[PDB]
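Below is protein-v1.cif, holding mmCIF, N, CA and C atoms.
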data_input
#
loop_
_atom_site.label_atom_id
_atom_site.label_comp_id
_atom_site.auth_asym_id
_atom_site.auth_seq_id
_atom_site.Cartn_x
_atom_site.Cartn_y
_atom_site.Cartn_z
N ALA N 77 85.21 121.79 98.70
CA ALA N 77 84.63 120.80 97.76
C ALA N 77 84.63 119.40 98.38
N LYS N 78 84.14 118.42 97.63
CA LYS N 78 84.08 117.05 98.11
C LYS N 78 85.49 116.50 98.30
N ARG N 79 85.60 115.39 99.03
CA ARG N 79 86.91 114.81 99.30
C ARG N 79 87.09 113.41 98.72
N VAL N 80 86.45 113.17 97.58
CA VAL N 80 86.56 111.89 96.90
C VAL N 80 86.46 112.05 95.38
N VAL N 81 87.34 111.38 94.65
CA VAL N 81 87.31 111.41 93.19
C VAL N 81 87.20 109.94 92.77
N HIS N 82 86.53 109.67 91.65
CA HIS N 82 86.34 108.30 91.19
C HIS N 82 87.03 107.95 89.88
N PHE N 83 87.18 106.66 89.62
CA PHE N 83 87.85 106.18 88.42
C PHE N 83 87.07 105.09 87.69
N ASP N 84 87.44 104.87 86.43
CA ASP N 84 86.81 103.84 85.62
C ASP N 84 87.57 102.53 85.78
N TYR N 85 86.97 101.46 85.27
CA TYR N 85 87.53 100.12 85.31
C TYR N 85 89.00 100.06 84.89
N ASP N 86 89.82 99.45 85.75
CA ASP N 86 91.25 99.27 85.48
C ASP N 86 91.96 100.54 85.02
N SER N 87 91.50 101.69 85.48
CA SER N 87 92.09 102.95 85.07
C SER N 87 92.44 103.89 86.21
N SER N 88 93.49 104.68 86.01
CA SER N 88 93.92 105.66 87.01
C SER N 88 93.83 107.06 86.38
N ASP N 89 92.99 107.19 85.36
CA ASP N 89 92.79 108.46 84.67
C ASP N 89 91.75 109.30 85.38
N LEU N 90 92.00 110.61 85.47
CA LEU N 90 91.08 111.52 86.13
C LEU N 90 90.24 112.25 85.08
N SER N 91 89.00 112.57 85.43
CA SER N 91 88.11 113.27 84.51
C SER N 91 88.19 114.78 84.72
N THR N 92 87.58 115.53 83.80
CA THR N 92 87.57 116.98 83.88
C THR N 92 86.92 117.42 85.18
N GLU N 93 85.86 116.71 85.56
CA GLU N 93 85.14 117.02 86.79
C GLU N 93 86.07 116.87 87.99
N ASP N 94 86.84 115.78 88.01
CA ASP N 94 87.77 115.54 89.10
C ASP N 94 88.78 116.67 89.22
N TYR N 95 89.25 117.17 88.08
CA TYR N 95 90.22 118.26 88.09
C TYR N 95 89.67 119.49 88.80
N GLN N 96 88.39 119.77 88.62
CA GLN N 96 87.78 120.93 89.27
C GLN N 96 87.82 120.75 90.79
N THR N 97 87.48 119.55 91.24
CA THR N 97 87.49 119.25 92.67
C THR N 97 88.91 119.38 93.22
N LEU N 98 89.87 118.80 92.51
CA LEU N 98 91.27 118.84 92.93
C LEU N 98 91.86 120.25 92.95
N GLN N 99 91.43 121.10 92.02
CA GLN N 99 91.95 122.46 91.97
C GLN N 99 91.56 123.23 93.22
N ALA N 100 90.39 122.91 93.78
CA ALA N 100 89.92 123.57 94.99
C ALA N 100 90.80 123.18 96.17
N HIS N 101 91.17 121.91 96.25
CA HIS N 101 92.03 121.44 97.34
C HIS N 101 93.43 122.01 97.18
N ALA N 102 93.88 122.13 95.93
CA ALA N 102 95.21 122.67 95.67
C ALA N 102 95.29 124.10 96.19
N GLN N 103 94.25 124.89 95.93
CA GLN N 103 94.22 126.28 96.40
C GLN N 103 94.26 126.34 97.91
N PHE N 104 93.42 125.54 98.56
CA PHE N 104 93.38 125.52 100.02
C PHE N 104 94.74 125.13 100.57
N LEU N 105 95.34 124.09 100.01
CA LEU N 105 96.64 123.63 100.47
C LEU N 105 97.74 124.68 100.29
N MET N 106 97.77 125.34 99.13
CA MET N 106 98.79 126.36 98.89
C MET N 106 98.57 127.60 99.75
N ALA N 107 97.36 127.74 100.28
CA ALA N 107 97.03 128.89 101.12
C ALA N 107 97.20 128.57 102.60
N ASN N 108 97.28 127.29 102.93
CA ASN N 108 97.44 126.87 104.32
C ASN N 108 98.61 125.89 104.45
N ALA N 109 99.81 126.44 104.59
CA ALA N 109 101.03 125.65 104.71
C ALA N 109 101.05 124.60 105.82
N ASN N 110 100.19 124.74 106.81
CA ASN N 110 100.16 123.77 107.91
C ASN N 110 99.22 122.60 107.64
N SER N 111 98.40 122.72 106.61
CA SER N 111 97.47 121.66 106.27
C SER N 111 98.17 120.58 105.46
N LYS N 112 97.82 119.33 105.72
CA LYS N 112 98.39 118.21 105.00
C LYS N 112 97.27 117.23 104.72
N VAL N 113 97.34 116.56 103.58
CA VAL N 113 96.31 115.60 103.25
C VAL N 113 96.88 114.23 102.92
N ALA N 114 96.12 113.20 103.27
CA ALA N 114 96.50 111.84 102.98
C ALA N 114 95.60 111.45 101.81
N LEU N 115 96.20 110.94 100.75
CA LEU N 115 95.46 110.51 99.57
C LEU N 115 95.43 108.99 99.61
N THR N 116 94.25 108.41 99.79
CA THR N 116 94.17 106.95 99.85
C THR N 116 93.50 106.38 98.61
N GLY N 117 94.20 105.47 97.94
CA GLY N 117 93.68 104.86 96.72
C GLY N 117 92.94 103.57 96.99
N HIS N 118 91.87 103.34 96.24
CA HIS N 118 91.03 102.16 96.41
C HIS N 118 90.58 101.59 95.07
N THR N 119 90.14 100.33 95.09
CA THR N 119 89.69 99.65 93.88
C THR N 119 88.42 98.86 94.21
N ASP N 120 87.77 98.33 93.18
CA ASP N 120 86.61 97.49 93.43
C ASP N 120 87.21 96.08 93.53
N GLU N 121 86.40 95.10 93.91
CA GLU N 121 86.84 93.72 94.13
C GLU N 121 87.46 92.89 93.01
N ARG N 122 87.24 93.29 91.76
CA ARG N 122 87.74 92.51 90.63
C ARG N 122 89.26 92.46 90.48
N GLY N 123 89.80 91.24 90.45
CA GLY N 123 91.23 91.09 90.31
C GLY N 123 91.89 90.70 91.63
N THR N 124 93.15 90.31 91.57
CA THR N 124 93.87 89.89 92.76
C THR N 124 94.15 91.05 93.70
N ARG N 125 94.50 90.72 94.94
CA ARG N 125 94.81 91.74 95.94
C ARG N 125 96.04 92.52 95.52
N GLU N 126 97.03 91.83 94.96
CA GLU N 126 98.26 92.47 94.53
C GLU N 126 98.03 93.40 93.35
N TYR N 127 97.22 92.96 92.39
CA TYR N 127 96.92 93.80 91.24
C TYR N 127 96.21 95.06 91.73
N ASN N 128 95.23 94.90 92.61
CA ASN N 128 94.49 96.04 93.12
C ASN N 128 95.30 96.95 94.04
N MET N 129 96.24 96.37 94.77
CA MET N 129 97.07 97.19 95.65
C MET N 129 97.87 98.17 94.78
N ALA N 130 98.41 97.67 93.67
CA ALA N 130 99.19 98.51 92.76
C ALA N 130 98.32 99.52 92.02
N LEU N 131 97.13 99.09 91.61
CA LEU N 131 96.21 99.97 90.91
C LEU N 131 95.80 101.11 91.85
N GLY N 132 95.53 100.76 93.10
CA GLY N 132 95.14 101.77 94.08
C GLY N 132 96.24 102.80 94.25
N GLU N 133 97.49 102.33 94.19
CA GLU N 133 98.64 103.22 94.34
C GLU N 133 98.75 104.15 93.12
N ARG N 134 98.51 103.62 91.93
CA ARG N 134 98.58 104.45 90.73
C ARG N 134 97.51 105.53 90.81
N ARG N 135 96.34 105.18 91.33
CA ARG N 135 95.26 106.15 91.46
C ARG N 135 95.63 107.26 92.44
N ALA N 136 96.14 106.89 93.60
CA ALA N 136 96.54 107.88 94.60
C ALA N 136 97.66 108.77 94.05
N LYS N 137 98.57 108.16 93.29
CA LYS N 137 99.69 108.91 92.72
C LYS N 137 99.27 109.83 91.59
N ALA N 138 98.18 109.49 90.90
CA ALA N 138 97.70 110.34 89.82
C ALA N 138 97.11 111.61 90.44
N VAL N 139 96.42 111.46 91.57
CA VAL N 139 95.84 112.62 92.25
C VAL N 139 96.99 113.46 92.79
N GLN N 140 97.98 112.78 93.36
CA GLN N 140 99.16 113.45 93.91
C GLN N 140 99.84 114.26 92.82
N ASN N 141 100.01 113.65 91.65
CA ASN N 141 100.66 114.31 90.52
C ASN N 141 99.94 115.57 90.10
N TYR N 142 98.61 115.52 90.06
CA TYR N 142 97.84 116.69 89.67
C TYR N 142 98.07 117.82 90.66
N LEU N 143 98.02 117.49 91.95
CA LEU N 143 98.20 118.50 92.99
C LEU N 143 99.60 119.10 92.95
N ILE N 144 100.62 118.25 92.84
CA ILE N 144 101.98 118.76 92.79
C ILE N 144 102.22 119.59 91.52
N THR N 145 101.72 119.10 90.39
CA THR N 145 101.89 119.82 89.13
C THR N 145 101.24 121.20 89.20
N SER N 146 100.14 121.30 89.94
CA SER N 146 99.43 122.56 90.10
C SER N 146 100.18 123.50 91.03
N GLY N 147 101.19 122.98 91.72
CA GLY N 147 101.98 123.82 92.61
C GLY N 147 101.97 123.48 94.09
N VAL N 148 101.31 122.39 94.48
CA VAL N 148 101.26 122.00 95.89
C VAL N 148 102.60 121.43 96.39
N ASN N 149 103.02 121.88 97.57
CA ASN N 149 104.26 121.41 98.20
C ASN N 149 104.12 119.91 98.49
N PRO N 150 105.05 119.09 97.98
CA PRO N 150 104.99 117.64 98.21
C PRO N 150 104.87 117.26 99.69
N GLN N 151 105.43 118.10 100.56
CA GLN N 151 105.38 117.86 102.00
C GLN N 151 103.96 117.84 102.56
N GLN N 152 103.02 118.43 101.83
CA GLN N 152 101.64 118.48 102.30
C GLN N 152 100.81 117.33 101.74
N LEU N 153 101.47 116.39 101.07
CA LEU N 153 100.76 115.26 100.48
C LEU N 153 101.41 113.92 100.77
N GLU N 154 100.58 112.93 101.05
CA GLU N 154 101.05 111.57 101.30
C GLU N 154 100.06 110.66 100.59
N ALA N 155 100.57 109.71 99.81
CA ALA N 155 99.72 108.79 99.06
C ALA N 155 99.89 107.37 99.58
N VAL N 156 98.77 106.68 99.75
CA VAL N 156 98.77 105.31 100.23
C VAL N 156 97.67 104.54 99.52
N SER N 157 97.84 103.24 99.38
CA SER N 157 96.85 102.41 98.71
C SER N 157 96.31 101.32 99.63
N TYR N 158 95.00 101.14 99.59
CA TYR N 158 94.34 100.10 100.38
C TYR N 158 93.85 99.01 99.44
N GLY N 159 94.15 99.15 98.15
CA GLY N 159 93.72 98.15 97.20
C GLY N 159 92.22 97.93 97.28
N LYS N 160 91.81 96.67 97.33
CA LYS N 160 90.39 96.32 97.38
C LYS N 160 89.93 96.06 98.81
N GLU N 161 90.82 96.30 99.77
CA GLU N 161 90.55 95.98 101.16
C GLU N 161 89.66 96.85 102.04
N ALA N 162 89.23 98.00 101.53
CA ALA N 162 88.37 98.88 102.32
C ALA N 162 87.23 99.44 101.48
N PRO N 163 86.38 98.56 100.94
CA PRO N 163 85.26 99.01 100.11
C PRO N 163 84.20 99.79 100.89
N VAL N 164 83.55 100.74 100.21
CA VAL N 164 82.50 101.52 100.84
C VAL N 164 81.15 100.85 100.56
N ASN N 165 81.12 100.01 99.52
CA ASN N 165 79.90 99.29 99.16
C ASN N 165 80.30 97.85 98.82
N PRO N 166 79.91 96.89 99.67
CA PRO N 166 80.22 95.47 99.48
C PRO N 166 79.37 94.75 98.42
N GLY N 167 78.57 95.51 97.68
CA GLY N 167 77.73 94.92 96.65
C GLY N 167 78.55 94.38 95.48
N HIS N 168 77.91 93.61 94.61
CA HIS N 168 78.61 93.01 93.48
C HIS N 168 78.06 93.38 92.11
N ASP N 169 77.99 94.68 91.84
CA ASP N 169 77.50 95.18 90.56
C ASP N 169 78.17 96.53 90.30
N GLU N 170 78.02 97.05 89.09
CA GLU N 170 78.63 98.32 88.71
C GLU N 170 78.28 99.43 89.69
N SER N 171 77.03 99.45 90.15
CA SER N 171 76.58 100.48 91.08
C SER N 171 77.45 100.47 92.33
N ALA N 172 77.77 99.29 92.82
CA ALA N 172 78.62 99.16 94.00
C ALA N 172 80.08 99.40 93.64
N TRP N 173 80.54 98.78 92.55
CA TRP N 173 81.93 98.92 92.14
C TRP N 173 82.36 100.34 91.83
N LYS N 174 81.48 101.10 91.18
CA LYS N 174 81.79 102.48 90.83
C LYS N 174 82.08 103.32 92.07
N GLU N 175 81.41 102.99 93.17
CA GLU N 175 81.62 103.70 94.42
C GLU N 175 82.97 103.35 95.04
N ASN N 176 83.48 102.17 94.73
CA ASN N 176 84.75 101.73 95.32
C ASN N 176 86.03 102.17 94.61
N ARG N 177 85.96 102.38 93.30
CA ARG N 177 87.13 102.84 92.53
C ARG N 177 87.27 104.33 92.84
N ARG N 178 88.12 104.65 93.81
CA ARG N 178 88.24 106.04 94.23
C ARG N 178 89.53 106.37 94.95
N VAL N 179 89.72 107.67 95.17
CA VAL N 179 90.83 108.16 95.95
C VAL N 179 90.15 109.12 96.91
N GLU N 180 90.38 108.92 98.20
CA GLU N 180 89.79 109.78 99.22
C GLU N 180 90.82 110.81 99.67
N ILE N 181 90.36 112.04 99.86
CA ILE N 181 91.22 113.13 100.30
C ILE N 181 90.94 113.37 101.78
N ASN N 182 91.87 112.96 102.63
CA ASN N 182 91.71 113.10 104.07
C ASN N 182 92.68 114.11 104.67
N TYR N 183 92.14 115.17 105.26
CA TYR N 183 92.98 116.19 105.88
C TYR N 183 93.57 115.72 107.21
N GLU N 184 94.85 116.03 107.40
CA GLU N 184 95.62 115.66 108.59
C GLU N 184 96.14 114.23 108.47
#
Write-out of the structure in structure tokens:
Amino acid sequence: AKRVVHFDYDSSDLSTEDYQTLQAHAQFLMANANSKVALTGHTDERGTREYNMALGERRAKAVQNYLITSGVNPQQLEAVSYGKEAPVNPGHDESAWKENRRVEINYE
């Protein structure tokens, strides 16, 4: 499945769609003990760097929580936050911001 899940404004809540994507990664991870993923949290530009750094961390941790709760070994997961510092779209509208509020699933 895809390796990115998105979030709403000032929120670290996951949608039903996101759960489907995450369940696929959980299965792969539980089936491949040598695989490990880095979960990186991100935010759009609104708000201070410190506020976004923490929000990004809550997002990465929410994804982490879903995976662990589903049965994934914590050793195969690492969560980190980049806050607003690594946007995929530097635009200044919802279209751009929606792309930035995310958690990326990176293998290895």
Find the spatial neighbours of residue 160 of chain N, counting only C-alpha atoms, within a cut-off of 7 Å - ignore same-chain residues fewer than 2 positions away - and output them as a VMD selection string. chain N and resid 118 to 121 125 128 to 129 158 162 to 163
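Rounded to one decimal, atom CA of residue 117 of chain N and atom CA of residue 157 of chain N lie 4.5 Å from each other.
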Those in segment 95-176 of chain N with strand (DSSP E or B) from DSSP, as a PyMOL selection string
chain N and resi 113-117+153-157
Near-segment 95-103 of chain N list (6.5 Å; all atoms listed in the file; drop same-chain fewer than 6 positions) as a PDB file with N, CA and C atoms, in the coordinates of the input:
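Saved the output as out-v1.pdb:
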ATOM      1  N   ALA N  77      85.210 121.790  98.700  1.00  0.00           N
ATOM      2  CA  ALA N  77      84.630 120.800  97.760  1.00  0.00           C
ATOM      3  C   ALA N  77      84.630 119.400  98.380  1.00  0.00           C
ATOM      4  N   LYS N  78      84.140 118.420  97.630  1.00  0.00           N
ATOM      5  CA  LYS N  78      84.080 117.050  98.110  1.00  0.00           C
ATOM      6  C   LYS N  78      85.490 116.500  98.300  1.00  0.00           C
ATOM      7  N   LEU N 143      98.020 117.490  91.950  1.00  0.00           N
ATOM      8  CA  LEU N 143      98.200 118.500  92.990  1.00  0.00           C
ATOM      9  C   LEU N 143      99.600 119.100  92.950  1.00  0.00           C
ATOM     10  N   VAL N 148     101.310 122.390  94.480  1.00  0.00           N
ATOM     11  CA  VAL N 148     101.260 122.000  95.890  1.00  0.00           C
ATOM     12  C   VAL N 148     102.600 121.430  96.390  1.00  0.00           C
TER      13      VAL N 148
END
Q) Quick one: DSSP helix (DSSP H, G or I) residues in chain N, as a PyMOL selection string? A) chain N and resi 92-107+125-145+150-152+170-176
Atom C of residue 177 of chain N sits from atom CA of residue 151 of chain N at a separation of 24.4 Å
Q: Would you list the contacts of residue 110 of chain N as a PyMOL selection string, taking every protein, DNA or RNA residue within 10 Å and counting only C-alpha atoms, but skipping same-chain residues closer than 2 positions in sequence?
A: chain N and resi 105-108+112+151-152+184
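The two atoms in question, atom CA of residue 172 of chain N and atom CA of residue 90 of chain N, are spaced 19.2 Å apart.
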Translate the PyMOL selection byres ((chain N and resi 181) around 7) into a concrete residue list for this structure, as a compact mmCIF listing (two decimals) with N, CA and C atoms, in the coordinates of the input.
# COMPACT_ATOMS: atom_id res chain seq x y z
N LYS N 78 84.14 118.42 97.63
CA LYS N 78 84.08 117.05 98.11
C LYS N 78 85.49 116.50 98.30
N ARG N 79 85.60 115.39 99.03
CA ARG N 79 86.91 114.81 99.30
C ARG N 79 87.09 113.41 98.72
N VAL N 80 86.45 113.17 97.58
CA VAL N 80 86.56 111.89 96.90
C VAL N 80 86.46 112.05 95.38
N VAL N 81 87.34 111.38 94.65
CA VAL N 81 87.31 111.41 93.19
C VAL N 81 87.20 109.94 92.77
N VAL N 113 97.34 116.56 103.58
CA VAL N 113 96.31 115.60 103.25
C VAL N 113 96.88 114.23 102.92
N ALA N 114 96.12 113.20 103.27
CA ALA N 114 96.50 111.84 102.98
C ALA N 114 95.60 111.45 101.81
N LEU N 115 96.20 110.94 100.75
CA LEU N 115 95.46 110.51 99.57
C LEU N 115 95.43 108.99 99.61
N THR N 116 94.25 108.41 99.79
CA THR N 116 94.17 106.95 99.85
C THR N 116 93.50 106.38 98.61
N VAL N 179 89.72 107.67 95.17
CA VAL N 179 90.83 108.16 95.95
C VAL N 179 90.15 109.12 96.91
N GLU N 180 90.38 108.92 98.20
CA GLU N 180 89.79 109.78 99.22
C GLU N 180 90.82 110.81 99.67
N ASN N 182 91.87 112.96 102.63
CA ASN N 182 91.71 113.10 104.07
C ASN N 182 92.68 114.11 104.67
N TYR N 183 92.14 115.17 105.26
CA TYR N 183 92.98 116.19 105.88
C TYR N 183 93.57 115.72 107.21
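The shortest atom-to-atom distance to residue 104 of chain N, with only C-alpha atoms taken into account, belongs to N:146 out of N:124, N:87, N:146, N:171.
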Closest of N:89, N:164, N:109, N:159 to residue 133 of chain N, counting all atoms listed in the file, is N:159
For segment 98-113 of chain N, take all atoms listed in the file, fit an axis-aligned box around them, add 3 Å to each of the six sides, then output centre and edge lengths in Å rounded to one decimal, as JSON.
{"center_x": 95.5, "center_y": 121.6, "center_z": 99.9, "size_x": 17.2, "size_y": 20.7, "size_z": 21.9}
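Counting only N, CA and C atoms and comparing N:135, N:91, N:168, N:142, the residue that lies closest to residue 155 of chain N is N:135.
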